[PDB]
Amino acid sequence: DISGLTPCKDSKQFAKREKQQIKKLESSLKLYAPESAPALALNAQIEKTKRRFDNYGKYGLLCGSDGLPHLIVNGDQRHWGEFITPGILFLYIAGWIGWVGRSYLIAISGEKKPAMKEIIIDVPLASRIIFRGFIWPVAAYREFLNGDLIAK
Amino acid sequence: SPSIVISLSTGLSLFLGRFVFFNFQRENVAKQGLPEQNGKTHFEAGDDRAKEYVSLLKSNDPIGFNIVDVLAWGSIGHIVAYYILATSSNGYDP
Amino acid sequence: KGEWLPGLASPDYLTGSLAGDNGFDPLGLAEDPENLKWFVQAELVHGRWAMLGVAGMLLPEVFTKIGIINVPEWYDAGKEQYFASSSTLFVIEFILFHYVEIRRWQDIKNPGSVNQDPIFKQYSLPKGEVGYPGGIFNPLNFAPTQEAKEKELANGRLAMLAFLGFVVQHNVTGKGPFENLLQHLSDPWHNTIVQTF
Amino acid sequence: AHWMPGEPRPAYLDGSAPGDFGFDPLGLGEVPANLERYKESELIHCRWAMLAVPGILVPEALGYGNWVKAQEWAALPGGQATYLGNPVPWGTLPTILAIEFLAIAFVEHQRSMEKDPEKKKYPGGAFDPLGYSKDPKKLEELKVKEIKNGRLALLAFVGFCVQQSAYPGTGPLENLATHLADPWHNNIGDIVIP
Ligand code: CLA
Ligand SMILES: CC(/C=C/C=C(C)/C=C/[C@@]12O[C@]1(C)C[C@@H](O)CC2(C)C)=C\C=C\C=C(C)\C=C\C=C(C)\C=C\[C@@]12O[C@]1(C)C[C@@H](O)CC2(C)C
Ligand SMILES: CC1=C(/C=C/C(C)=C/C=C/C(C)=C/C=C/C=C(C)/C=C/C=C(C)/C=C/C2=C(C)CCCC2(C)C)C(C)(C)CCC1
């Protein structure tokens, strides 16, 4: 489809790899008794492998010539969830962390010896500050417009 | 006929140099003086081979056309004429 | 005025002068006065839109259920065909909304500056507070008392909640809102959110 | 008379110059010499576009094709130009290009030799035989009218170019006809969203 790739629900190397893995597991399964705990563990492993392959096929990925899925970070609308959808999420969480830390530092800048508050964290003020990062984009944008983000 | 094209291009370039673009070029040359090192020209700083050739550039022309201007404008005209001839030589089309 | 949580002290910057003030700001967004003014205008216009939206997506469904008119649901309105293509309507809306919203933004930035009519110079708007233009926008000339402002703000907040509930409860269950209410009223103990999905 | 009511005017633009409405969001006119050069460039652009727009409108109103096809004859080797349906005997690329270069270069270099900044924008004298510029009372009104019409012509040229880009091989007049064919179907919508 894109860059000479094959849809993952149509390629044959995917099925061949699945068969190889299943046979490799079943070779070890035969050794033990069918009712024994290792048999149950190996059956669970086989079920997990089958579910993973089915999910990968149903999710609309694209295997390559050799048989493995390929990620597309290009920006096509059919792969929103491949890179772009997770990435934004990360930024959100990441921003949270940063924002919170910055706030805490300012919250201890007033006192005469902030080093004691840096090496021994206090829990009440930190817990007050932690949940303010849930709306970090709005506060950050307002501070940028006001001009309090950058020192002078 | 290469001779007609060459002569026409050379004459047009010479006319453009002598009667149209002369004042602008002269003013621009006068604005940018001789190259200077440490606030002094090359001849002043102690270079003897960098002396300007005042004798050659003097001319009896009413406005001041000299040999160097003739050579430069003729070279431009010849370049243009030969480009025209070479382009007309083949039959390439886009 | 009142308290949104007994046993909690209200923030200092919220002094109860603003309409509909209950001292609810746990995350402390409105610390700077400029942010407070911007968010006040936002809470006005955001919500003045939502009340109309909620009424428009709810009342036709009730009227259709009781049977006077046959109208598509609020979801399937976009899929229906109209007299003109959606693109031209979108362009017309974009241009008109650009004009009106730039006028409103200019008024907010510089109060009492865009009251004069650009075309007919004689007409103008009487001076007032930002966010409540009055004048020609008030044909019946109702009294702009504080109680009316508080009622409007409360109705707007309820509209916010109603719209969010409508959208999410359609997302989880494809059935419409009024039909969802009727299904719940059929048997409350077996048709709540917990019992079904 | 500001471009946007409720917005402060810039310092360097007070309204003395004709067709001045205090529009400079990017602050490009801080340097007075830059402001004068910008005024010159704007006036020249306006005059050229004003002279050009009828040159597009009158053709394609007769049987002749459009402002784009009239340019395709130079692409074909050994082509010859035409005028009013009649082929010009001297129509070929080298001679036409050389004549254009010589004439335009001489005219422009003659123009650039003027020194007074005011005389560059409005030369006067021999350029106006009728003599509308003798009376100073109407001069400001005429200048404002010229500036406004030139800006309108520039917008017209932008519209022409963008419409041509959207529909290759299409003239403005047939575009207007197509728009009038069904006003509620042929609009900017189908190109702004696919
Ligand atoms: C507390 C929050 C914090 C914040 C907001 C920043 C901010 C920044 N860092 Mg700094 N940094 C931090 C902590 C922080 N740092 C720590 C702890 C270290 C030592 C490991 C560094 C070492 C560091 C380096 C070596 C560099 C930066 C650079 C940068 C800048 C670019 C972003 C980036 O590259 O991140 C880089 C981030 C890291 C390598 C790791 C940060 C992850 C920490 C552990 C998270 C903060 C957690 C903290 C313990 C929370 C406590 C609060 C709680 C008590 C409430 C940006 C201004 C880069 C630069 O200079 O850009 C101009 C760069 O070169 N930082
Ligand atoms: C405007 C709005 C909805 C508008 C809907 C419209 C126009 C709908 C129009 C249509 O339906 C029609 C008519 C007909 C259909 O055919 C088409 C569409 C287009 C579908 C919703 C806003 C919805 C807005 C919502 C839900 C906002 C919620 C905000 C909350 C809860 C904030 C809480 C806090 O901020 C405080 C207050 C203080 C802080 O300290 C703490 C926290 C917690 C951060
Ligand atoms: C005496 C006199 C006169 C006359 C004069 C004349 C006539 C002159 C001429 C002059 C000339 C007539 C000159 C020329 C020059 C030239 C040149 C200077 C050239 C150059 C060239 C080149 C450089 C080339 C190159 C090349 C080559 C080698 C090869 C190929 C390529 C090319 C082309 C690149 C008169 C009457 C007026 C006046 C009086 C006096």
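Cut-off values and rules
- Residues numbered from 1 in each chain as written, not as in the entry; some residues may be left out.
- Chains lettered and ligands numbered in written order.
- Part of a larger assembly, values for the part shown.
- Heavy atoms only, no water.
- Helix = DSSP H or I, 4+ residues; strand = E, 2+ residues; numbered from the N terminus.
- Rg over C-alpha atoms; globule rule 2.2 N^0.38 Å.
- Buried < 20%, exposed > 50% of the residue type's maximum accessible area, 1.4 Å probe, protein only.
- Areas by Shrake-Rupley, 256 points an atom, 1.4 Å probe, with all protein chains shown as cover.
- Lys, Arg positive; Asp, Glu negative; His and termini not counted.
- Charge placed at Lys NZ, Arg CZ, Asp CG, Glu CD.
- Contact = heavy atoms within 4.5 Å.
- Buried area = accessible area lost by both parts, 1.4 Å probe.
- Salt bridge = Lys/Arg side-chain N within 4 Å of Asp/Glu carboxyl O.
- Polar contact = N/O pair within 3.5 Å; in protein donor to acceptor, adjacent residues only side chain to side chain.
- Nonpolar A, V, L, I, M, F, W, Y, C, P; charged D, E, K, R; others polar.
- Patch = residues over 30% accessible without salt bridge, like charges linked within 9 Å, V, L, I, M, F, W, Y side chains within 5 Å.
- Near = heavy atom within 4 Å.
- Axes fitted to C-alpha atoms, helices over the stretch in contact; angles between N-to-C directions.
- Expected span 1.5 Å × (residues − 1).
- Arc of directions from axis to C-beta.
- UniProt positions renumbered as here; feature names shortened; annotations may be inferred.
- 1 Å grid on protein atoms, 1.4 Å probe; cavity = no way out; pocket = protein on both sides within 12 Å on 5 of 7 lines; lining within 4 Å.
- Points joined across faces, edges and corners; volume = space filled by probe spheres on them.

K.L.:
So what exactly am I meant to see when it comes to the overall build of chain C here?
P.N.:
When you go through chain C residue by residue, the secondary structure sums to 4 helices and 0 strands. Secondary structure elements of chain C, listed N to C terminal, follow the sequence α-α-α-α. Taking 197 residues into account, the globule formula puts the C-alpha radius of gyration at 16 Å, and chain C, at 21 Å, lies well above it. Its C-alpha atoms put chain C at 55 × 55 × 30 Å along the principal axes. Split into buried and exposed, the 197 residues of chain C put 18% on the buried side. When the accessible area of chain C is evaluated, it comes to approximately 14,700 Å², of which 65% is carbon and sulfur surface. Computing the positive centroid from 14 side-chain charges and the negative centroid from 22, chain C places the two 7 Å apart.

K.L.:
What is the right way to read the interface of chain A and chain C from this model?
P.N.:
Where the parts come together, the accessible area they lose is often given as the size of the interface. Contact with chain A, which involves 9 residues of that partner, is made by 10 residues of chain C. Summed over both partners, the interface of chain A with chain C comes to about 730 Å²; 54% of that surface belongs to carbon and sulfur atoms. Of all residues in chain A, A:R132, A:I135 and A:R142 bury the most surface against chain C, accounting for 64% of the area lost on that side. Counting every contact that joins chain A to chain C gives 0 salt bridges. Counting every contact that joins chain A to chain C gives 5 residue pairs in polar contact.

K.L.:
Sorry, what's going on with the interface of chain C and chain D here?
P.N.:
Taken residue by residue, the interface counts 11 residues in chain C and 10 residues in chain D. Note on chain C versus chain D: buried area summed over both sides is about 810 Å², and carbon and sulfur give 68% of it. If you sort the residues of chain C by the area they bury against chain D, C:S87, C:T88 and C:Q106 come out on top, with a joint share of 39%. Between chain C and chain D we count 0 salt bridges in total. Applying the counting rule to chain C against chain D returns 2 residue pairs in polar contact. When the residues that make up the side of chain C that touches chain D are grouped by side-chain class, the tally is 4 nonpolar, 6 polar and 1 charged.

K.L.:
Even after reading the chapter, I still don't get a nonpolar patch on the surface, so can you show me in this structure?
P.N.:
Residues C:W49, C:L52, C:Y82, C:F83, C:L89, C:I92, C:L96, C:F97, C:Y99, C:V100 and D:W184 make up a contiguous nonpolar surface patch of roughly 1,200 Å² in combined accessible area. Residue assignment for the nonpolar patch shows that the elements contributing at least two residues are helix 1 (33–66) and helix 2 (86–109) of chain C. By secondary structure assignment, the location of C:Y82 is in the loop between helix 1 and helix 2.

K.L.:
I would appreciate a short explanation of the site of ligand 3 in the present structure.
P.N.:
Neighbouring ligand 3 are the residues B:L14, B:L71, B:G74, B:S75, B:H78 and B:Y82. For ligand 3, whose unbound accessible area comes to 970 Å², protein coverage reaches 30%.

K.L.:
Quick question: what am I supposed to make of the packing of helix 1 of chain C against helix 4 (residues 177–186) of chain C here?
P.N.:
A pair of packed helices can be characterised by two numbers: the angle between their axes and the separation between those axes. All names here are of chain C. It is the contact of helix 1 with helix 4, at a shortest axis distance of 9 Å, that shows an interaxial angle of 60°. Along the contact surface, helix 1 presents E61, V62 and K65, while helix 4 presents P177, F178, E179 and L182. Split by residue class, the contact of helix 1 with helix 4 holds 4 nonpolar, no polar and 3 charged.

K.L.:
What should I look at first to understand helix 1 (residues 13–29) of chain A in this one?
P.N.:
Residues spaced three or four apart along an α-helix point in a common direction, a consequence of the helix completing one turn every 3.6 residues. All names here are of chain A. For helix 1, built from 17 residues, the straight-helix expectation of 24 Å at 1.5 Å per residue is met to within 8% by its first-to-last C-alpha distance of 24 Å. Buried within helix 1 we find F14, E18, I22, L25 and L29. Each buried residue of helix 1 lies within a common arc of 60° when the element is viewed along its axis, so the set occupies one face. Along helix 1, exposed side chains directed more than 90 degrees from the buried face belong to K16, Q20, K23 and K24. Residues of helix 1 that are buried in the fold lie against helix 2 (37–58), strand 2 (62–63) and strand 3 (69–70).

K.L.:
Is there a simple way to think about the site of ligand 2 in this case?
P.N.:
Residue and element names in this part refer to chain C. Residues in close proximity to ligand 2 include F24, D25, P26, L27, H46, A50, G53, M57, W74, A77, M160 and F163, which together make up its full environment. In this structure, an oxygen atom belonging to ligand 2 sits 3.3 Å away from a main-chain N or O atom of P26. Backbone polar atom of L27 to an oxygen atom of ligand 2: 3.2 Å apart, as the coordinates give it. When ligand 2 sits alone it has 1,000 Å² of accessible area, and the protein chains cover 55% of it. Elements supplying a minimum of two residues to the shell around ligand 2: helix 1 and helix 3 (146–172). The element that contributes the greatest number of residues to the shell around ligand 2 is helix 1, accounting for 4 residues.

K.L.:
So what exactly am I meant to see when it comes to the arrangement of the chains here?
P.N.:
Comparison of the 3 pairs of chains in contact shows the highest number of contacts for chains A and C. The two units chain A and chain B are non-contacting; their minimal C-alpha-C-alpha distance is 31 Å. Regarding chain A and chain D, which are not in contact, the minimum distance between any of their C-alpha atoms is 14 Å.

K.L.:
Sorry if this is basic, but what is going on with the UniProt feature "binding site: chlorophyll a 1" in chain C here?
P.N.:
Residue and element names in this part refer to chain C. The positions that UniProt labels "binding site: chlorophyll a 1" are, in the present scheme, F24, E43 and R157. Spatially, the listed residues are clustered: although they cover 134 residues, their C-alpha atoms lie within 13.5 Å of one another. Lining the largest cavity, out of the annotated residues just given, are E43 and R157. Tracing the backbone shows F24 in the segment before helix 1. In this structure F24 comes out as exposed when scored by relative accessible area, which is 54%.

K.L.:
Please explain empty space enclosed by the protein as it appears in this structure.
P.N.:
Any empty space left between atoms is shown by rolling a water-sized probe over those atoms. Residues and elements named next belong to chain C. Under the counting rule described, the total for this entry stands at 1 cavity of 30 Å³ or more. Approximately 60 Å³ is the volume attributed to the largest cavity. Mapped onto the lining of the largest cavity, the elements with two or more residues apiece are helix 1 and helix 3. The dominant element in the lining of the largest cavity, judged by the number of residues it contributes, is helix 1, at 6 residues. For the lining of the largest cavity, the class distribution of residues is 4 nonpolar, 3 polar and 4 charged.

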